[PDB]
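Novice: Build the 3D model from these lines:
(one chain, ligands or ions: 1)
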Amino acid sequence: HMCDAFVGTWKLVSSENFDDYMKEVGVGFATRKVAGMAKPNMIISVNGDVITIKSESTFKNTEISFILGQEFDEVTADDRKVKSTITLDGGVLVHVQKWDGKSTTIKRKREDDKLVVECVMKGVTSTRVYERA
Ligand SMILES: Cc1ccc2c(c1)c1c(n2Cc2ccccc2)[C@H](CC(=O)O)CCC1
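Specialist: Residues are numbered from 1 along each chain as shown. Have a look at this structure:
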């Protein structure tokens, strides 16, 4: 029943500062424009200890499956090859991506009827808000 409150199908309803976040990550102009337009659906499911997060959009479809605390390979929508670890900290999913000596942290939390995604690259934070589909 870990992560029950995250399970479901979610649709993006707002984004703030995501272009600046992508710039800080190192994403180039064309990918930032196209990625920034997308309105993804996020599909989260749990089967035993395995959590799956899918992102479906006009830009890219991505999928990760993982066990909390257990590092995995992830190819991000912007085609970074990262090493990811996702843990639960006080009810927040905390996702750290490492690549090329860099790091970014993505937090996913339930707040009211929303799922809030906060991503941070050094001093730059972006907030993306999802509602149930
Ligand atoms: C650098 C970079 C590029 C693409 C990126 C990200 C970082 C991050 C996301 N996406 C997917 C995405 C997929 C489609 C469109 C935009 C973004 C997720 C956004 C989310 O799930 O809303 C999680 C936070 C960090």
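Novice: First-to-last residue distance for stretch 73-86?
Specialist: For stretch 73-86, the first-to-last residue distance is 12 Å (Cα to Cα, to the nearest Å).
Novice: Flag every buried residue along that stretch.
Specialist: In terms of neighbour count (16 or more other Cβ atoms under 10 Å), stretch 73-86 has its buried residues at 74, 76-77, 80, 82, 84-86. Backbone N, C-alpha and C define where each C-beta goes, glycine included.
Novice: Spell out the residue ranges of the strands in the chain.
Specialist: Using DSSP state E, the strands found in the chain span residues 8-16, 41-47, 50-56, 61-66, 72-75, 81-89, 92-99, 102-111, 114-121, 124-132.
Novice: Return the most buried member of those.
Specialist: Comparing the strands of the chain on average neighbours per residue, with mean count of other Cβ atoms under 10 Å, the densest one is strand 114-121 at a mean of 19.
Novice: How far does that strand sit from its chain's centre?
Specialist: Relative to the chain's own centre, strand 114-121 is displaced by 7 Å; criterion: Cα atoms, centre = their mean, to the nearest Å.
Novice: does the ligand sit close to that strand?
Specialist: Yes - contact of strand 114-121 with the ligand (Cβ under 6 Å from any ligand atom) involves 117, 119.
Novice: Alright, I will stop here.
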